[PDB]
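Q:
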Amino acid sequence: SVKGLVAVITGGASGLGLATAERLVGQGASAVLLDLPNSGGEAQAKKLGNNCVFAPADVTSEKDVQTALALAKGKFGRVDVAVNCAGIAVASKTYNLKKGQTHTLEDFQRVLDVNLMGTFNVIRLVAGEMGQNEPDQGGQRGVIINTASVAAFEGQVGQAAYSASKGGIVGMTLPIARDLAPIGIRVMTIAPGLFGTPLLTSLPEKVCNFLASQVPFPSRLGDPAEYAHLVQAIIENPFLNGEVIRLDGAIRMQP
Amino acid sequence: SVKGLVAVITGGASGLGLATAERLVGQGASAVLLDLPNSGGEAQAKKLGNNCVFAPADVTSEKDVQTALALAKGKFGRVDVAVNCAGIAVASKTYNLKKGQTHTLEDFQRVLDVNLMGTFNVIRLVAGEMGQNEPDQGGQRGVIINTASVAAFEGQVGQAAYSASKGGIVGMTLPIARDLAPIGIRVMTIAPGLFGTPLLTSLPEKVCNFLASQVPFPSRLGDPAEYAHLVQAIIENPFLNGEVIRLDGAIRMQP
Amino acid sequence: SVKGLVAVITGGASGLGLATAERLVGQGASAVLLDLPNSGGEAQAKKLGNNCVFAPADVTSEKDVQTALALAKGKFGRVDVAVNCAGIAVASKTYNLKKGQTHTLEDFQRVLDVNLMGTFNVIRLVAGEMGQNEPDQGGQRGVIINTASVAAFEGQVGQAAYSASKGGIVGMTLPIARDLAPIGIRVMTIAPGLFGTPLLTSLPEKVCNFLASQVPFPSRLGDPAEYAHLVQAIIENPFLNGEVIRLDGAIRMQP
Amino acid sequence: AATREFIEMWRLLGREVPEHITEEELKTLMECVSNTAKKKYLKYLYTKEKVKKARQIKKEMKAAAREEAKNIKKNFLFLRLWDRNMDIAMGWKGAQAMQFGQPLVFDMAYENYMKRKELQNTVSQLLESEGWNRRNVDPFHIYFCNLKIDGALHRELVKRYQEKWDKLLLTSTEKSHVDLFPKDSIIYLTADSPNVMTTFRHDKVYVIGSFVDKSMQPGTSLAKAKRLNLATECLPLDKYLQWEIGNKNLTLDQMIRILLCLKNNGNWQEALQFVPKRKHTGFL
RNA sequence: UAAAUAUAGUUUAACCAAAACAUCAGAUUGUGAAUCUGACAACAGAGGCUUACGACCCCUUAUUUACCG
Ligand SMILES: Nc1nc2c(ncn2[C@@H]2O[C@H](COP(=O)(O)OP(=O)(O)OP(=O)(O)O)[C@@H](O)[C@H]2O)c(=O)[nH]1
Ligand SMILES: Nc1ncnc2c1ncn2[C@@H]1O[C@H](CSCC[C@H](N)C(=O)O)[C@@H](O)[C@H]1O
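Structure below.
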């Protein structure tokens, strides 16, 4: 089971990351919330008890992640699970002829830096910490779970920057899984659909309720708790490796 | 949770089907082993206690399946979960130039009859049985889990018939999930890789070690209990619909 | 180039098959229309000149295909290209709770036989005829092109039977390409979506005119000549093998 | 050639002499310039026939044994094609090893110190050594350094591998290991080294001198290492084994199997399993 | 310094005389490939003897044991 496991959840101060920490801590594990200093993770870490600690770090910087993982090693002594839930999004068309508006290169680079570069930066440094762990009875040293929404497969209009970052995570899931196979680290990717993250609840009820009704079944936005359940299922199953799992309620995004 | 649910498991007398029944019955659910009369289903159902019964039926025959579904209603009163693990494998090259041997059509038809046709025959009949259920708090009426294979994505030499039947299951999983979404029935598919079923364990120890070494991590054949674990996770997670999950330890089969 | 090649077009009396024969004969190749006796293929063969001949055969019948292939051997001497375009469709849904209607088993069997089993029946018999050809400068003995559908990926409601057969073709395109690799035969699969065929004219015109607007670009129905152009492209490219090419105008089929 | 003037009564004399000889074999006979050397070679040439026919006689005796039983006396997942599949799997692993694997160097600069018997035997150990690398979970990147293209050692390697020589996943080169790798990371393994190998180091290049001196020549590998400025190490055979019998210079197939076990986190107890048990009385 | 020994893939056997297990190349193997066709078979080394031999005698290197009226 997950009892006694130490999990580092990036972007754990809100959204999918926070839901993952509540389930894992509630199941007896220990969680290290890695998020931005202004994300308010300290309040969330205090609510989750002494088994959860907040490590303020920016995933785009190698320095901050190294200190954050040093804090995780100090507080709990080992790292067993890495859950990459940190992410941003930008809604901008590639090119609008009616408006003469072009997608800004800074916007495209910004999304890649957090979603794609930040995920790999966490993975490459975390794999060093799971490499110090002794293999268990099954020979496993740790589990890495990435988040890359269904936009990686069927992105919508104006989601080119976001799909490029999530497409990158999906594409590199298998090579990293083959890279860490000698070590004993499992790399898995989850593709959430439309979830009731604070991002989706922000937009007006018109697009909120319409999109919730666009899911075949269940006809609602995904509960972040349901994301946490599938995260725990991956941890508990020794044979899940190098696979992308769609958690969307069978919805295929139309243009 | 799965306690109190009734599961109909085709091919549940051995291999993945038997492992699924053992876990679900152990967790507190009731199971119906739908397998051929000549299989050891009667002994297996007795071993699992009064919560598991054996319903002899051939998945390729509509009449046999309907009698099995009637038996599940008689013993337990309702059907909650259908797991389609029944299937056969045939290895045969499409055409061998040196040997002058051409793939036999009857070999193609029988594999398609049990794997593809048999899976859909259960799906269309068990869907009507779940259509009589009162929806739970989430509005769900049942979960249908199909068992494809990794051959549906990278079939090896001689698996033309097997891949076609398993590829069709991957083909139907989303359209059927769309058909049953108004009803409230989820359809999901699992694609196991190399597993320790009697088919693989009967092979010589020389090739058994090689097949285990081909899996990146863990470097062993899949435990049937791990397939049962993922089946339970799909049942408990309400937001998994119309998706194929590869449970193969990141293996990509070579030609 | 395709000049001088002999192509066996399955289902070449109408739709995609007729367009493929129209282009290949115009480019200087020889064609054999393998279709049903009542399809009116004799008129099409006469209209295409002395380079096209009609072979009345049922793809599900081994005897019919062997006689049809022997006719191509007699008329043209060799078989160089095989294009599988014959296929039927059914619009029945898996289960209808409101009407208490279940997808009848014979409709699923009939679609599977013509689309999946019929395609494999032609593939294995044409593989023997292609195996008699002398390897060319590149070592190639022939090219086999299969026609799946977009429904193999995102099939709509009431397309369970069609998606199953089309998913099977996508599933077995790689093992057959691996099976026939030592011989020197390339297997490639095309997945058209919403083409201006008689199939997309049986449906109600208002529905059909609506689907033409659903295609992102070109916002129209696919011209069968565009399918014929892609078939010629696959023939002339020695490195296209074992891949499924979607030819749909970037459409993703809604439920 | 007049060299028949010895064989044509040495058969009648009563000594063990083979019956089938060729000019190529006859040529190598005249390099033996002494009675004992000729006798020793003829004894080897005689026993070649003795085990050939004995194994020859065995095989068609088996042919009759099986052909009577073979002529008088289902659902599958995989076609029986495993030898092909295993070779391909080892090929992918070898290709990965040639990019990211740890380099291991076999020094071929010992051609001038070996007789014909020893040079041929070196290839046999080289064939087995490279075979064990292929089958390993984490293969080395095997280098053949100082291998002259026209040299005697290269020609023997080509003859044994035949077509496989150009397809082997190892780097054979004319240049010395000092040219390919920094001189700090090179550790020339030799039994005469005063430094005992304590632990296997994954950031080091271990050099094994492909030298089989049945006429033992101590210090040859050490001289080459000290001719350059390379560091040396020796296996802790005395530390973990109670030696009684035989030379402490192990063969090339034993050495690579010891290194492979150490590289896979094995301890010295498991690694020294490959030292022949005839040379010691148990691990301590 | 002396006596015992010394298997170049590994063991066994030894005046039995060659095994058993391995190794290399080729193989599209229908599930005994559990095979077939080839490659390599040097009992430390170099010499003497002897009708010969692995025996016998010097010598070289090495290993393990012992080593001063
Ligand atoms: N009793 C005894 N004498 C020993 C021992 N070790 C060495 N010696 C003696 O030391 C001698 C050394 O012989 P060599 O090695 O030829 O002598 P060297 O003076 O080094 O001469 P070179 O070999 O020409 O360099 C032996 O012959 C013995 O006389 C030992 O363990 N016991
Ligand atoms: N005990 C040992 N420790 C480390 N390397 C050894 C060894 N025994 C043999 N080797 C290695 O195996 C190879 C063949 S042994 C031959 C060594 C050489 N003829 C000499 O007399 O010095 C050598 O290159 C040596 O590096």
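Protein chains in written order, with PDB author numbering: chain B, 7 to 261; chain C, 7 to 261; chain D, 7 to 261; chain F, 92 to 164, 175 to 385.
Backbone N, C-alpha and C define an ideal beta-carbon position, used for all residues, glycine too.
1. Does DSSP classify B/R252 as helix, strand or coil?
2. Distance check for C/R192 and C/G134, CA to CA, integer angstroms please.
3. Would you say the beta carbon of C/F223 comes nearer than 7 Å to a heavy atom of ligand 2?
4. Would D/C91 and D/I15 qualify as a contact pair, given that the criterion is a beta-carbon distance under 8 Å?
5. Ligand 2 and F/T291: does the residue's C-beta get closer than 7 Å to at least one heavy atom of that ligand?
6. Can you look up D/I129 in the DSSP assignment and give me helix, strand or coil?
7. Would you give the residue range spanned by the beta strand (DSSP E) that D/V117 belongs to?
8. Could you list which residues in chain B have their beta carbon closer than 7 Å to that of C/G144, in chain order?
9. Would you check if the distance between the CB atom of D/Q50 and the CB atom of D/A19 is smaller than 8 Å?
10. Against F/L180, what residues of chain C qualify as contacts under a CB-to-CB distance less than 9 Å, listed in chain order?
11. What's the call for F/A160, buried or exposed, on a 16-neighbour Cβ count within 10 Å?
12. Hey, F/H242 and F/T272: beta-carbon distance below 8 Å or not?
13. Going by C-alpha distance, which of D/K104, D/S98, D/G32 and D/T66 is nearest D/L40?
14. How is the alpha helix (DSSP H) around F/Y262 delimited, first residue to last?
15. Note down, in chain order, every chain F residue with its Cβ under 9 Å from the Cβ of C/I94.
16. Please find out if some non-hydrogen atom of ligand 2 comes closer than 7 Å to the beta-carbon of B/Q138.
17. Between F/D339 and ligand 4, is there a pair consisting of the residue's CB and a ligand heavy atom that are separated by less than 7 Å?
18. Can you tell me whether F/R95 is buried or exposed, with buried defined as 16 or more other CB within 10 angstroms of its CB?
19. Hey, how far is the Cα of F/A128 from the Cα of F/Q318?
20. Under 9 Å between beta-carbons, which chain D residues line up against C/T108? List them in chain order, please.
21. In chain C, what lies closer than 7 Å to residue 3 of chain B by C-beta?
22. Check whether the Cβ atoms of D/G177 and C/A170 lie closer than 8 Å to each other.
23. Does the beta-carbon of F/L361 have 16 or more other beta-carbons within 10 angstroms, so that it is buried, or is it exposed?
24. Here's the rule I'm using: 16 or more other beta-carbon atoms within 10 Å means buried, otherwise exposed. How should F/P204 be labelled?
25. Interface residues of chain D around C/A63 at Cβ under 8 Å?
26. Would C/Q260 pass as an interface residue toward chain F - the criterion being a Cβ-Cβ separation below 8 Å?
27. Which runs of the alpha helix (DSSP H), 4 residues or longer, sit entirely within the region 18–60 of chain C?
28. Three or more C-beta pairs under 8 Å: does that hold for the region 145–154 of chain B against the region 196–208 of chain B?
29. Give me the residue from C/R252, C/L77, C/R258 and C/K104 with the minimum Cα distance to C/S219.
30. What in chain D is Cβ-close to C/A158, meaning under 7 Å?
31. Taking only the alpha-carbon atoms, compute the straight-line gap between F/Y137 and F/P109 and give it to the nearest angstrom.
32. In three-state terms, what does DSSP make of F/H111?
33. Which whole-angstrom value is the C-beta distance of C/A97 and F/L180, which I expect to be below 8 Å?
34. Measure from the C-beta of C/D229 to each C-beta in chain B and report whether the shortest distance is under 8 Å.
35. Could you check how far apart the C-beta atoms of C/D185 and D/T100 are, in whole angstroms? I think they sit under 8 Å.
36. Out of D/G173, D/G255 and D/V237, point me to the one whose CA is closest to D/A27's CA.
A: Considering the structure as presented:
1. strand
2. 13 Å
3. no
4. yes
5. yes
6. helix
7. Where D/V117 is concerned, there is no enclosing beta strand (DSSP E), although the alpha helix (DSSP H) it sits in stretches over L111 to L118.
8. For C/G144, the chain B residues whose Cβ falls inside 7 Å of its Cβ are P224, in order along the chain.
9. yes
10. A97, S98, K99, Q162, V163, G164 and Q165
11. Exposed.
12. yes
13. Measuring from the Cα of D/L40, the nearest candidate turns out to be D/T66.
14. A253 to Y262
15. Within chain F, the residues whose beta carbon sits less than 9 Å from that of C/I94 are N176, listed in sequence order.
16. Not under cutoff, so the answer is no.
17. You won't find ligand 4 in this model; what it holds is ligand 1 and ligand 2.
18. Exposed, by the Cβ-count rule.
19. 20 Å
20. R130, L131, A133 and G134
21. In this structure chain B extends from 7 to 261, so residue 3 of chain B is not present and cannot be described.
22. yes
23. It counts as buried.
24. Result: buried.
25. Within 8 Å Cβ-Cβ: nothing; C/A63 doesn't reach chain D, min ~14 Å.
26. yes
27. Counting only runs of 4 or more, we get 21–33 and 47–53.
28. yes
29. C/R258
30. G177
31. 4 Å
32. coil
33. 5 Å
34. yes
35. 4 Å
36. D/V237
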